[PDB]
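Engineer: For reference, this is entry.cif, and it has mmCIF, C-alpha atoms and all ligand atoms.
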data_start
#
loop_
_atom_site.label_atom_id
_atom_site.label_comp_id
_atom_site.auth_asym_id
_atom_site.auth_seq_id
_atom_site.Cartn_x
_atom_site.Cartn_y
_atom_site.Cartn_z
CA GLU Q 28 -6.00 73.90 18.07
CA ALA Q 29 -7.37 70.37 17.83
CA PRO Q 30 -4.29 68.51 19.19
CA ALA Q 31 -3.93 70.71 22.31
CA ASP Q 32 -7.71 70.60 22.79
CA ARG Q 33 -7.76 66.80 22.43
CA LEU Q 34 -4.90 66.28 24.91
CA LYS Q 35 -6.55 68.54 27.50
CA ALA Q 36 -9.88 66.76 26.98
CA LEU Q 37 -8.24 63.34 27.38
CA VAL Q 38 -6.26 64.20 30.51
CA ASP Q 39 -9.24 66.02 32.13
CA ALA Q 40 -11.50 63.02 31.38
CA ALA Q 41 -8.98 60.63 32.97
CA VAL Q 42 -8.13 62.78 36.00
CA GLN Q 43 -11.28 64.62 37.07
CA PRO Q 44 -13.55 61.68 38.01
CA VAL Q 45 -10.71 59.95 39.87
CA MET Q 46 -9.90 63.14 41.84
CA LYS Q 47 -13.56 63.54 42.77
CA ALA Q 48 -13.99 59.86 43.69
CA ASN Q 49 -10.91 59.82 45.89
CA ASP Q 50 -11.43 63.36 47.31
CA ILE Q 51 -7.96 64.37 46.13
CA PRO Q 52 -7.34 68.04 46.93
CA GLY Q 53 -4.55 68.63 44.39
CA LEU Q 54 -3.03 66.67 41.53
CA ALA Q 55 -0.31 67.37 38.96
CA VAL Q 56 0.13 65.51 35.67
CA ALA Q 57 3.15 65.79 33.43
CA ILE Q 58 3.38 63.97 30.09
CA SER Q 59 6.36 63.61 27.75
CA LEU Q 60 5.04 63.12 24.22
CA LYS Q 61 6.90 63.33 20.89
CA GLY Q 62 9.84 65.04 22.65
CA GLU Q 63 7.81 67.79 24.35
CA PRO Q 64 6.52 68.19 27.94
CA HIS Q 65 2.83 68.82 28.66
CA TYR Q 66 1.53 69.86 32.08
CA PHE Q 67 -1.95 69.65 33.58
CA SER Q 68 -2.54 70.94 37.09
CA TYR Q 69 -5.64 70.41 39.20
CA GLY Q 70 -6.96 71.71 42.48
CA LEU Q 71 -5.18 72.85 45.60
CA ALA Q 72 -1.73 72.32 47.05
CA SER Q 73 -3.17 73.57 50.37
CA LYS Q 74 -6.90 73.68 51.10
CA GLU Q 75 -6.33 76.08 53.99
CA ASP Q 76 -4.30 78.83 52.30
CA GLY Q 77 -5.67 78.28 48.77
CA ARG Q 78 -2.30 77.67 47.07
CA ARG Q 79 -3.06 76.03 43.72
CA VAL Q 80 -1.16 73.09 42.25
CA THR Q 81 1.24 74.04 39.46
CA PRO Q 82 3.96 72.06 37.59
CA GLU Q 83 6.39 73.47 40.19
CA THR Q 84 4.48 72.35 43.31
CA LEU Q 85 6.56 69.94 45.41
CA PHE Q 86 4.92 66.62 46.29
CA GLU Q 87 6.22 63.73 48.37
CA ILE Q 88 6.79 60.82 45.99
CA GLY Q 89 7.41 58.10 48.61
CA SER Q 90 8.80 54.89 47.12
CA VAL Q 91 9.22 56.44 43.66
CA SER Q 92 12.39 57.65 45.46
CA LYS Q 93 13.72 54.11 45.00
CA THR Q 94 14.29 54.83 41.31
CA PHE Q 95 16.64 57.68 42.33
CA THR Q 96 18.31 55.35 44.84
CA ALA Q 97 18.71 52.80 42.04
CA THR Q 98 20.35 55.46 39.84
CA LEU Q 99 22.95 56.22 42.52
CA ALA Q 100 23.61 52.48 42.85
CA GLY Q 101 23.89 52.30 39.04
CA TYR Q 102 26.58 54.96 39.28
CA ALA Q 103 28.51 53.02 41.95
CA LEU Q 104 28.20 49.82 39.85
CA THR Q 105 29.32 51.17 36.50
CA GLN Q 106 32.16 52.99 38.30
CA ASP Q 107 33.45 49.61 39.68
CA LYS Q 108 32.98 50.57 43.36
CA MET Q 109 30.61 47.63 43.88
CA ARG Q 110 29.20 44.62 42.02
CA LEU Q 111 25.66 43.24 42.23
CA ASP Q 112 27.07 39.87 43.36
CA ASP Q 113 29.05 41.43 46.26
CA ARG Q 114 27.99 40.21 49.67
CA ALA Q 115 26.34 43.01 51.64
CA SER Q 116 28.88 42.78 54.47
CA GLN Q 117 31.73 43.68 52.04
CA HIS Q 118 30.53 47.27 52.29
CA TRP Q 119 29.89 47.73 56.02
CA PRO Q 120 32.23 46.10 58.58
CA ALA Q 121 29.42 46.31 61.17
CA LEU Q 122 27.65 43.57 59.15
CA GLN Q 123 30.59 41.13 59.06
CA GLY Q 124 29.64 37.94 60.91
CA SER Q 125 25.91 38.57 60.43
CA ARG Q 126 23.54 36.88 57.98
CA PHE Q 127 24.50 39.63 55.51
CA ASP Q 128 27.66 37.63 54.82
CA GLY Q 129 25.34 35.44 52.70
CA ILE Q 130 23.13 38.06 51.06
CA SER Q 131 24.06 39.85 47.82
CA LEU Q 132 23.56 43.49 46.88
CA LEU Q 133 21.22 42.27 44.13
CA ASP Q 134 19.14 40.44 46.77
CA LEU Q 135 18.79 43.67 48.71
CA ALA Q 136 17.99 45.79 45.65
CA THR Q 137 15.28 43.42 44.40
CA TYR Q 138 13.69 42.41 47.72
CA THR Q 139 14.89 38.80 47.72
CA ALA Q 140 17.18 38.85 50.81
CA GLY Q 141 14.80 36.40 52.54
CA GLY Q 142 11.91 38.23 54.19
CA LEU Q 143 13.09 41.68 55.22
CA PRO Q 144 9.74 43.30 56.11
CA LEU Q 145 7.80 46.06 54.37
CA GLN Q 146 9.00 48.70 56.84
CA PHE Q 147 11.50 48.93 59.66
CA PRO Q 148 9.74 48.00 62.92
CA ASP Q 149 8.42 51.01 64.84
CA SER Q 150 11.11 50.28 67.47
CA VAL Q 151 13.90 51.26 65.03
CA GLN Q 152 14.41 55.02 65.03
CA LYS Q 153 16.39 57.19 62.60
CA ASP Q 154 19.68 56.35 64.28
CA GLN Q 155 22.75 54.73 62.74
CA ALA Q 156 23.40 52.49 65.77
CA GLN Q 157 19.80 51.27 65.90
CA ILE Q 158 19.88 50.54 62.15
CA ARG Q 159 23.23 48.73 62.59
CA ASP Q 160 21.77 46.67 65.42
CA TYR Q 161 18.62 45.86 63.45
CA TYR Q 162 20.49 44.30 60.52
CA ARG Q 163 23.02 42.55 62.76
CA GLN Q 164 20.23 40.64 64.51
CA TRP Q 165 17.93 39.97 61.54
CA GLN Q 166 17.57 36.36 60.29
CA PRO Q 167 16.13 35.27 56.90
CA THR Q 168 12.74 33.54 56.87
CA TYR Q 169 13.70 31.62 53.72
CA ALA Q 170 16.74 31.29 51.48
CA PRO Q 171 18.14 34.50 50.01
CA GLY Q 172 17.40 34.71 46.27
CA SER Q 173 14.17 32.67 46.38
CA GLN Q 174 11.20 34.90 47.28
CA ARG Q 175 10.33 38.54 46.67
CA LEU Q 176 8.94 40.47 49.63
CA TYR Q 177 8.65 44.16 48.88
CA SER Q 178 10.72 45.95 51.51
CA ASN Q 179 12.01 49.40 52.50
CA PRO Q 180 14.80 48.04 54.75
CA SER Q 181 15.90 45.82 51.84
CA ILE Q 182 16.40 48.45 49.12
CA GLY Q 183 17.24 51.06 51.83
CA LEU Q 184 20.28 49.00 52.79
CA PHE Q 185 21.17 48.61 49.10
CA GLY Q 186 21.25 52.43 48.72
CA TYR Q 187 23.12 52.92 52.01
CA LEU Q 188 25.78 50.39 50.95
CA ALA Q 189 26.07 51.95 47.49
CA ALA Q 190 26.82 55.26 49.25
CA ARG Q 191 29.41 53.55 51.49
CA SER Q 192 31.07 52.07 48.38
CA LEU Q 193 31.44 55.66 47.07
CA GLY Q 194 32.82 56.88 50.42
CA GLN Q 195 30.22 59.60 51.09
CA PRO Q 196 26.81 59.87 52.83
CA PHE Q 197 23.83 58.91 50.68
CA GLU Q 198 22.08 62.26 51.19
CA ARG Q 199 25.15 64.25 50.21
CA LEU Q 200 25.71 62.17 47.05
CA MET Q 201 22.10 62.79 46.00
CA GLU Q 202 22.22 66.56 46.54
CA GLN Q 203 25.74 67.22 45.31
CA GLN Q 204 26.05 64.72 42.46
CA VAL Q 205 22.90 62.86 41.38
CA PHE Q 206 20.31 65.64 41.22
CA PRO Q 207 22.74 68.05 39.49
CA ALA Q 208 23.80 65.35 36.97
CA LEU Q 209 20.12 64.88 36.08
CA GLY Q 210 19.46 68.64 35.77
CA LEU Q 211 17.06 68.64 38.71
CA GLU Q 212 16.80 71.92 40.65
CA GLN Q 213 13.30 71.31 42.06
CA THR Q 214 14.12 67.93 43.64
CA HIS Q 215 15.03 67.59 47.31
CA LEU Q 216 15.62 65.22 50.19
CA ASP Q 217 15.44 68.17 52.60
CA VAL Q 218 13.34 70.99 51.13
CA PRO Q 219 15.16 74.33 51.56
CA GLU Q 220 13.39 76.99 53.62
CA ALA Q 221 13.28 79.26 50.55
CA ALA Q 222 11.33 76.57 48.67
CA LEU Q 223 8.78 75.72 51.39
CA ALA Q 224 6.13 77.91 49.71
CA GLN Q 225 6.09 75.29 46.93
CA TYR Q 226 5.66 72.29 49.27
CA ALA Q 227 2.10 70.95 49.07
CA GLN Q 228 0.17 69.94 52.15
CA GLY Q 229 -0.60 66.22 52.43
CA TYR Q 230 -4.05 65.02 53.53
CA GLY Q 231 -5.20 61.90 55.34
CA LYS Q 232 -8.24 60.77 57.35
CA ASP Q 233 -10.61 63.61 58.28
CA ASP Q 234 -8.28 65.73 56.11
CA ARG Q 235 -5.62 65.81 58.85
CA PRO Q 236 -2.45 67.47 57.51
CA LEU Q 237 0.37 65.03 56.87
CA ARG Q 238 3.92 65.70 55.76
CA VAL Q 239 6.55 62.99 56.03
CA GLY Q 240 8.65 62.77 59.20
CA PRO Q 241 12.12 61.32 59.84
CA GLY Q 242 12.63 57.57 59.74
CA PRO Q 243 15.45 55.03 59.35
CA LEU Q 244 16.86 55.02 55.79
CA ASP Q 245 14.12 57.46 54.80
CA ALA Q 246 16.30 59.12 52.14
CA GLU Q 247 16.99 55.80 50.42
CA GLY Q 248 13.44 54.42 50.57
CA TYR Q 249 11.05 57.32 50.36
CA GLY Q 250 12.88 60.64 50.86
CA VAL Q 251 12.27 62.65 47.69
CA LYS Q 252 10.09 65.74 47.33
CA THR Q 253 9.85 66.94 43.74
CA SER Q 254 7.65 68.74 41.22
CA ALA Q 255 5.77 67.18 38.31
CA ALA Q 256 8.08 69.13 35.98
CA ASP Q 257 11.27 67.77 37.62
CA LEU Q 258 9.95 64.22 37.86
CA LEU Q 259 9.16 64.35 34.14
CA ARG Q 260 12.73 65.58 33.51
CA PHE Q 261 13.86 62.40 35.30
CA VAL Q 262 11.49 60.32 33.12
CA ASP Q 263 13.02 62.00 30.05
CA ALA Q 264 16.53 61.11 31.26
CA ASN Q 265 15.26 57.52 31.56
CA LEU Q 266 13.83 57.66 28.02
CA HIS Q 267 17.11 59.07 26.67
CA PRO Q 268 20.13 58.14 28.85
CA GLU Q 269 22.41 58.94 25.89
CA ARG Q 270 21.61 62.64 26.34
CA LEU Q 271 23.58 62.63 29.60
CA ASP Q 272 27.34 62.54 30.16
CA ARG Q 273 28.54 58.93 29.79
CA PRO Q 274 28.95 57.99 33.49
CA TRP Q 275 25.34 59.03 34.17
CA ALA Q 276 24.03 57.47 30.97
CA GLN Q 277 25.46 54.15 32.21
CA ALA Q 278 23.97 54.72 35.68
CA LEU Q 279 20.49 55.13 34.17
CA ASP Q 280 20.94 52.09 31.88
CA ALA Q 281 21.70 50.01 34.99
CA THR Q 282 18.11 50.68 36.18
CA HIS Q 283 16.74 49.20 32.91
CA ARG Q 284 17.85 45.60 33.52
CA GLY Q 285 15.48 42.87 34.71
CA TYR Q 286 16.60 40.04 36.97
CA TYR Q 287 13.51 37.89 37.56
CA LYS Q 288 9.77 37.75 36.96
CA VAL Q 289 6.83 37.54 39.35
CA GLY Q 290 3.67 37.01 37.32
CA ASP Q 291 3.47 39.74 34.67
CA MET Q 292 6.15 41.91 36.31
CA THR Q 293 9.89 41.92 35.59
CA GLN Q 294 11.95 43.38 38.47
CA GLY Q 295 14.74 45.88 37.76
CA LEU Q 296 16.66 48.17 40.09
CA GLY Q 297 13.86 50.45 41.27
CA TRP Q 298 11.77 50.11 38.11
CA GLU Q 299 9.22 47.35 37.59
CA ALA Q 300 8.39 46.37 34.02
CA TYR Q 301 5.45 44.89 32.05
CA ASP Q 302 4.96 43.86 28.47
CA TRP Q 303 3.09 46.56 26.58
CA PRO Q 304 0.26 46.43 25.74
CA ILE Q 305 -1.21 44.57 28.71
CA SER Q 306 -4.71 44.86 30.24
CA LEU Q 307 -5.52 47.49 32.85
CA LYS Q 308 -6.55 44.73 35.26
CA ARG Q 309 -3.13 43.03 34.95
CA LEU Q 310 -1.27 46.31 35.47
CA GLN Q 311 -3.43 47.01 38.54
CA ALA Q 312 -2.76 43.49 39.88
CA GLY Q 313 1.00 44.03 39.55
CA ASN Q 314 0.60 47.20 41.63
CA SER Q 315 -1.83 45.71 44.15
CA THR Q 316 -1.75 45.31 47.93
CA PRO Q 317 -1.14 41.51 47.82
CA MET Q 318 1.71 41.98 45.36
CA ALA Q 319 3.34 44.39 47.84
CA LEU Q 320 2.49 42.63 51.11
CA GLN Q 321 2.98 38.89 50.46
CA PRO Q 322 6.08 36.83 49.52
CA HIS Q 323 6.16 35.60 45.92
CA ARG Q 324 8.42 32.88 44.51
CA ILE Q 325 10.58 34.38 41.76
CA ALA Q 326 11.28 33.06 38.26
CA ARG Q 327 14.95 33.97 37.80
CA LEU Q 328 16.12 34.97 34.32
CA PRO Q 329 19.10 33.13 32.71
CA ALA Q 330 20.72 36.54 32.15
CA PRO Q 331 19.77 40.18 32.81
CA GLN Q 332 17.05 41.33 30.40
CA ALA Q 333 16.98 44.75 28.73
CA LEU Q 334 13.93 46.70 29.93
CA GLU Q 335 13.25 48.62 26.73
CA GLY Q 336 11.14 48.54 23.55
CA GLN Q 337 7.54 47.35 23.94
CA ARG Q 338 7.40 47.60 27.71
CA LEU Q 339 5.91 49.79 30.39
CA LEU Q 340 8.22 50.65 33.29
CA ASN Q 341 6.59 52.00 36.41
CA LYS Q 342 6.78 52.72 40.12
CA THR Q 343 4.17 53.55 42.75
CA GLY Q 344 5.00 55.43 45.93
CA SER Q 345 3.10 56.79 48.91
CA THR Q 346 3.55 58.59 52.16
CA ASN Q 347 0.86 59.12 54.79
CA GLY Q 348 -0.39 62.21 52.94
CA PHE Q 349 0.64 61.68 49.30
CA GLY Q 350 0.31 59.30 46.37
CA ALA Q 351 2.58 59.21 43.32
CA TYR Q 352 2.81 57.13 40.16
CA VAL Q 353 5.27 57.19 37.27
CA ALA Q 354 5.08 55.18 34.03
CA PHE Q 355 7.00 55.26 30.75
CA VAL Q 356 7.21 53.30 27.51
CA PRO Q 357 10.83 53.24 26.27
CA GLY Q 358 10.01 52.15 22.71
CA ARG Q 359 7.42 54.91 22.25
CA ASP Q 360 9.37 57.84 23.79
CA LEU Q 361 6.37 58.36 26.06
CA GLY Q 362 6.23 59.06 29.79
CA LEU Q 363 3.92 60.31 32.49
CA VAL Q 364 3.92 61.45 36.08
CA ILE Q 365 0.85 61.69 38.35
CA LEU Q 366 1.41 63.33 41.75
CA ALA Q 367 -1.31 63.82 44.38
CA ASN Q 368 -1.60 65.12 47.93
CA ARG Q 369 -3.70 62.22 49.14
CA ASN Q 370 -2.63 58.60 49.51
CA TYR Q 371 -5.33 57.11 47.27
CA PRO Q 372 -5.39 53.49 46.05
CA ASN Q 373 -2.69 52.38 43.60
CA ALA Q 374 -5.37 50.93 41.31
CA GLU Q 375 -6.85 54.42 40.84
CA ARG Q 376 -3.44 55.90 39.92
CA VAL Q 377 -2.95 53.18 37.35
CA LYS Q 378 -6.50 53.79 36.06
CA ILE Q 379 -5.67 57.45 35.31
CA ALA Q 380 -2.38 56.50 33.62
CA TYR Q 381 -3.97 53.77 31.54
CA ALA Q 382 -6.75 56.08 30.32
CA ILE Q 383 -4.16 58.64 29.20
CA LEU Q 384 -1.95 56.04 27.49
CA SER Q 385 -4.98 54.40 25.81
CA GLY Q 386 -6.21 57.75 24.52
CA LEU Q 387 -2.79 58.66 23.12
CA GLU Q 388 -2.81 55.36 21.22
CA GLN Q 389 -6.35 56.05 19.96
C1 LIG O 1 6.68 53.31 49.26
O1 LIG O 1 6.05 54.32 48.94
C2 LIG O 1 6.35 52.25 50.26
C3 LIG O 1 5.23 51.45 49.65
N1 LIG O 1 5.46 51.51 48.19
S1 LIG O 1 4.32 50.76 47.17
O2 LIG O 1 3.23 51.71 47.04
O3 LIG O 1 5.03 50.58 45.91
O4 LIG O 1 3.96 49.51 47.82
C4 LIG O 1 3.97 52.19 50.08
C5 LIG O 1 4.33 52.85 51.40
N2 LIG O 1 5.77 52.91 51.39
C6 LIG O 1 6.57 53.67 52.21
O5 LIG O 1 7.73 53.93 51.90
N3 LIG O 1 5.96 54.07 53.36
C7 LIG O 1 6.61 55.04 54.22
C8 LIG O 1 5.73 56.27 54.24
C9 LIG O 1 6.33 57.36 55.09
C10 LIG O 1 5.80 57.29 56.51
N4 LIG O 1 6.32 56.10 57.24
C11 LIG O 1 7.43 55.35 56.58
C12 LIG O 1 6.80 54.40 55.58
CL CL O 2 10.67 51.85 56.58
#
Translate the structure of the given file into structure tokens.

Structural biologist:
Amino acid sequence: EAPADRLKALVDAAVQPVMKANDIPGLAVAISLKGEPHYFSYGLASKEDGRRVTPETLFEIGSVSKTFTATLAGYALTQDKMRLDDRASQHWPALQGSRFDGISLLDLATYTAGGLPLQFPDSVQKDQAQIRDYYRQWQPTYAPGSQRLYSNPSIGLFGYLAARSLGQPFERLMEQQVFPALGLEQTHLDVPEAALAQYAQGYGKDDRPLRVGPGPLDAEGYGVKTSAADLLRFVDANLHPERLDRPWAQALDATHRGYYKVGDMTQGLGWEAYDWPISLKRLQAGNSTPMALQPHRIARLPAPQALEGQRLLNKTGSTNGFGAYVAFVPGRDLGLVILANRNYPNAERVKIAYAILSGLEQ
């Protein structure tokens, strides 16, 4: 019983102090190790009705959704419906004559379009015309392809245009094609009524209840609600794309290609990669507020780099009431998911993950 005992002891030791310190009501861990899933569930999905977290509890994953968006784009790309060097306006006539004539799909996907902001301004509602108008009027702060500024409207437009290239709405493609191709039956953009009992409550300041509301390009940027078990299934698809039908294998591979570096981080479609091993402090810095909020000059690669082998691929994501983190090591067939119903600092999420990964190495 030693191995099961040791894994429980390790995950408990990593998770419990961080949950206490960040007053996290409920937290789900899922780990893929040596080809088997392992689940560890903590606390409450809802403090008020006493629903406990399980591996089936649905959490908002926020920007981790971008890795799903990237997978749909990978499908469009490897199906020859778009190319990364296409100008954005090729895929939406509304953008012809705008600055998007001079901005590539790759620029949008990797946040280098020239200063698209972190979020849509509050003045832009979930409305196709308002979104249209927003992009039509937007002007770059600096040359496209030169600086990374992490941005929902940037990758949101990338996903929206990938959907246009496939001739169907983004949301429909996700529900009808992407999630089924990945074997995901507990993963939603719009949680069905019959599944609402599984949907955790989110918690903010003074423990106010917070579930995510509608916003422009929400599906593309931050729309996914999923369970720890389903998100680990997605990690396993990423660890083994060859286990999927060829078109989807290629779609996943397209999210494992790096285009430039900023500091220790290599930017793919959705996924962000680090050499492994690397220090906890460096991994935290790559997932820090200044990394997200400030423009960084890029070091472009001479050719796309395979994000595999001795690397850690990760993504953080948050909503007002939730905080998610996913990390995997391709060359070790190892992955983990940490989902919580409080938006707690990225550094703390990474701290839990690092403690688990370090302990599995020891
Ligand atoms: C993604 O989660 C982005 C950003 N990602 S990061 O943690 O990698 O920097 C953190 C917040 N964020 C959002 O998408 N925020 C949305 C949260 C939903 C409520 N308003 C829309 C903004
Ligand atoms: Cl936004």

Engineer: Just to confirm, what's the straight-line distance from atom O4 of ligand LIG 1 (chain O) to CA of residue 311 (chain Q) in Å (one decimal)?

Structural biologist: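 One can read the atom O4 of ligand LIG 1 (chain O) to CA of residue 311 (chain Q) distance as 12.1 Å.
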
Engineer: Residues of region 315-369 of chain Q within 12 Å of region 36-45 of chain Q: nearest atom pair and distance (Å, one decimal) for each, counting all atoms listed in the file, sorted by chain and number, as a Markdown table?

Structural biologist:
| residue | atom | partner | partner_atom | distance |
| --- | --- | --- | --- | --- |
| Q:363 | CA | Q:38 | CA | 11.1 |
| Q:364 | CA | Q:38 | CA | 11.9 |
| Q:365 | CA | Q:42 | CA | 9.3 |
| Q:366 | CA | Q:42 | CA | 11.2 |
| Q:367 | CA | Q:42 | CA | 10.9 |
| Q:369 | CA | Q:45 | CA | 11.8 |

Engineer: Do you have, as CSV, the list of residues of chain Q lying at most 9 Å from ligand CL 2 (chain O), each with its nearest atom pair and that distance in Å to one decimal, counting all atoms listed in the file and ordered by chain then number?

Structural biologist:
residue,atom,partner,partner_atom,distance
Q:144,CA,O:CL2,CL,8.6
Q:145,CA,O:CL2,CL,6.8
Q:146,CA,O:CL2,CL,3.6
Q:147,CA,O:CL2,CL,4.3
Q:148,CA,O:CL2,CL,7.5
Q:149,CA,O:CL2,CL,8.6
Q:178,CA,O:CL2,CL,7.8
Q:179,CA,O:CL2,CL,4.9
Q:180,CA,O:CL2,CL,5.9
Q:183,CA,O:CL2,CL,8.1
Q:242,CA,O:CL2,CL,6.8
Q:243,CA,O:CL2,CL,6.4
Q:244,CA,O:CL2,CL,7.0
Q:245,CA,O:CL2,CL,6.8
Q:248,CA,O:CL2,CL,7.1
Q:249,CA,O:CL2,CL,8.3

Engineer: If you measure from CA of residue 46 (chain Q) to CA of residue 30 (chain Q), what distance in Å do you get, rounded to one decimal?

Structural biologist: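 Result for CA of residue 46 (chain Q) versus CA of residue 30 (chain Q): 23.9 Å, one decimal.
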
Engineer: Report as JSON lines: every residue of chain Q with an atom at most 9 Å from ligand LIG 1 (chain O), its closest pair of atoms, and their distance in Å to one decimal, counting only C-alpha atoms and all ligand atoms, with rows sorted by chain and ascending residue number.

Structural biologist:
{"residue": "Q:88", "atom": "CA", "partner": "O:LIG1", "partner_atom": "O1", "distance": 7.2}
{"residue": "Q:89", "atom": "CA", "partner": "O:LIG1", "partner_atom": "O1", "distance": 4.0}
{"residue": "Q:90", "atom": "CA", "partner": "O:LIG1", "partner_atom": "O1", "distance": 3.3}
{"residue": "Q:91", "atom": "CA", "partner": "O:LIG1", "partner_atom": "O1", "distance": 6.5}
{"residue": "Q:92", "atom": "CA", "partner": "O:LIG1", "partner_atom": "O1", "distance": 8.0}
{"residue": "Q:93", "atom": "CA", "partner": "O:LIG1", "partner_atom": "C1", "distance": 8.3}
{"residue": "Q:145", "atom": "CA", "partner": "O:LIG1", "partner_atom": "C2", "distance": 7.6}
{"residue": "Q:146", "atom": "CA", "partner": "O:LIG1", "partner_atom": "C12", "distance": 6.2}
{"residue": "Q:147", "atom": "CA", "partner": "O:LIG1", "partner_atom": "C11", "distance": 8.2}
{"residue": "Q:177", "atom": "CA", "partner": "O:LIG1", "partner_atom": "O4", "distance": 7.2}
{"residue": "Q:178", "atom": "CA", "partner": "O:LIG1", "partner_atom": "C2", "distance": 7.8}
{"residue": "Q:179", "atom": "CA", "partner": "O:LIG1", "partner_atom": "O5", "distance": 6.3}
{"residue": "Q:238", "atom": "CA", "partner": "O:LIG1", "partner_atom": "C10", "distance": 8.7}
{"residue": "Q:239", "atom": "CA", "partner": "O:LIG1", "partner_atom": "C9", "distance": 5.7}
{"residue": "Q:240", "atom": "CA", "partner": "O:LIG1", "partner_atom": "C10", "distance": 6.7}
{"residue": "Q:241", "atom": "CA", "partner": "O:LIG1", "partner_atom": "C10", "distance": 8.2}
{"residue": "Q:242", "atom": "CA", "partner": "O:LIG1", "partner_atom": "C11", "distance": 6.5}
{"residue": "Q:243", "atom": "CA", "partner": "O:LIG1", "partner_atom": "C11", "distance": 8.5}
{"residue": "Q:245", "atom": "CA", "partner": "O:LIG1", "partner_atom": "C11", "distance": 7.2}
{"residue": "Q:248", "atom": "CA", "partner": "O:LIG1", "partner_atom": "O5", "distance": 5.9}
{"residue": "Q:249", "atom": "CA", "partner": "O:LIG1", "partner_atom": "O5", "distance": 5.0}
{"residue": "Q:250", "atom": "CA", "partner": "O:LIG1", "partner_atom": "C9", "distance": 8.5}
{"residue": "Q:314", "atom": "CA", "partner": "O:LIG1", "partner_atom": "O3", "distance": 7.0}
{"residue": "Q:315", "atom": "CA", "partner": "O:LIG1", "partner_atom": "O4", "distance": 7.8}
{"residue": "Q:316", "atom": "CA", "partner": "O:LIG1", "partner_atom": "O4", "distance": 7.1}
{"residue": "Q:318", "atom": "CA", "partner": "O:LIG1", "partner_atom": "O4", "distance": 8.2}
{"residue": "Q:319", "atom": "CA", "partner": "O:LIG1", "partner_atom": "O4", "distance": 5.2}
{"residue": "Q:320", "atom": "CA", "partner": "O:LIG1", "partner_atom": "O4", "distance": 7.8}
{"residue": "Q:342", "atom": "CA", "partner": "O:LIG1", "partner_atom": "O3", "distance": 6.4}
{"residue": "Q:343", "atom": "CA", "partner": "O:LIG1", "partner_atom": "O3", "distance": 4.4}
{"residue": "Q:344", "atom": "CA", "partner": "O:LIG1", "partner_atom": "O1", "distance": 3.4}
{"residue": "Q:345", "atom": "CA", "partner": "O:LIG1", "partner_atom": "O1", "distance": 3.8}
{"residue": "Q:346", "atom": "CA", "partner": "O:LIG1", "partner_atom": "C8", "distance": 3.8}
{"residue": "Q:347", "atom": "CA", "partner": "O:LIG1", "partner_atom": "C10", "distance": 5.5}
{"residue": "Q:348", "atom": "CA", "partner": "O:LIG1", "partner_atom": "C9", "distance": 8.6}
{"residue": "Q:349", "atom": "CA", "partner": "O:LIG1", "partner_atom": "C8", "distance": 8.9}
{"residue": "Q:350", "atom": "CA", "partner": "O:LIG1", "partner_atom": "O1", "distance": 8.0}
{"residue": "Q:351", "atom": "CA", "partner": "O:LIG1", "partner_atom": "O1", "distance": 8.2}
{"residue": "Q:352", "atom": "CA", "partner": "O:LIG1", "partner_atom": "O2", "distance": 8.8}
{"residue": "Q:372", "atom": "CA", "partner": "O:LIG1", "partner_atom": "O2", "distance": 8.9}
{"residue": "Q:373", "atom": "CA", "partner": "O:LIG1", "partner_atom": "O2", "distance": 6.9}

Engineer: Quick one, how far is CA of residue 212 (chain Q) from CA of residue 264 (chain Q)?

Structural biologist: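 A separation of 14.3 Å between them.
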
Engineer: Env of region 173-176 of chain Q: 12 Å cut, atoms = all atoms listed in the file, seq-sep filter 5 positions within chain, self excluded. Answer as number ranges by chain.

Structural biologist: Q: 130, 133-146, 167-168, 181-182, 286-290, 292-294, 316-327

Engineer: Between Q:339, Q:107, Q:252, Q:62, which is the closest to residue 229 (chain Q) once you count only C-alpha atoms?

Structural biologist: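 Selected residue with least distance to residue 229 (chain Q): Q:252.
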
Engineer: Which residues come within 12 Å of residue 159 (chain Q), counting all atoms listed in the file, excluding same-chain residues fewer than 2 positions away, as a list in words?

Structural biologist: residues 116, 119, 120, 121, 122, 123, 125, 127, 151, 152, 153, 154, 155, 156, 157, 161, 162, 163, 164, 165, 180, 184, 187, 243 and 244 of chain Q

Engineer: Could you list, as a ChimeraX atom specification, every residue within 12 Å of residue 99 (chain Q), counting all atoms listed in the file and ignoring same-chain residues fewer than 4 positions away?

Structural biologist: /Q:92-95,103-106,108-109,136,185-193,195-206,208-209,247,274-282,296-297

Engineer: Tell me which of Q:383, Q:33, Q:70, Q:272 sits closest to residue 47 (chain Q), counting only C-alpha atoms.

Structural biologist: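 Selected residue with least distance to residue 47 (chain Q): Q:70.
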
Engineer: Pick from Q:334, Q:283, Q:291, Q:53: nearest to residue 308 (chain Q), with all atoms listed in the file counted?

Structural biologist: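 Ranked by minimum distance to residue 308 (chain Q), first place goes to Q:291.
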
Engineer: Closest to residue 358 (chain Q) among Q:328, Q:385, Q:267, Q:237, using only C-alpha atoms?

Structural biologist: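 Of the candidates, the smallest distance to residue 358 (chain Q) is held by Q:267.
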
Engineer: Just want the 9 Å neighbourhood of residue 78 (chain Q), counted on all atoms listed in the file, with same-chain residues fewer than 4 positions away dropped. Output as a list in words.

Structural biologist: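 Near residue 78 (chain Q), the qualifying residues are residues 70, 71, 72, 73, 74, 224, 225 and 227 of chain Q.
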
Engineer: Just want the 9 Å neighbourhood of residue 58 (chain Q), counted on all atoms listed in the file, with same-chain residues fewer than 2 positions away dropped. Output as an MDAnalysis selection string.

Structural biologist: chainID Q and resid 56 60 63:67 259 361:365
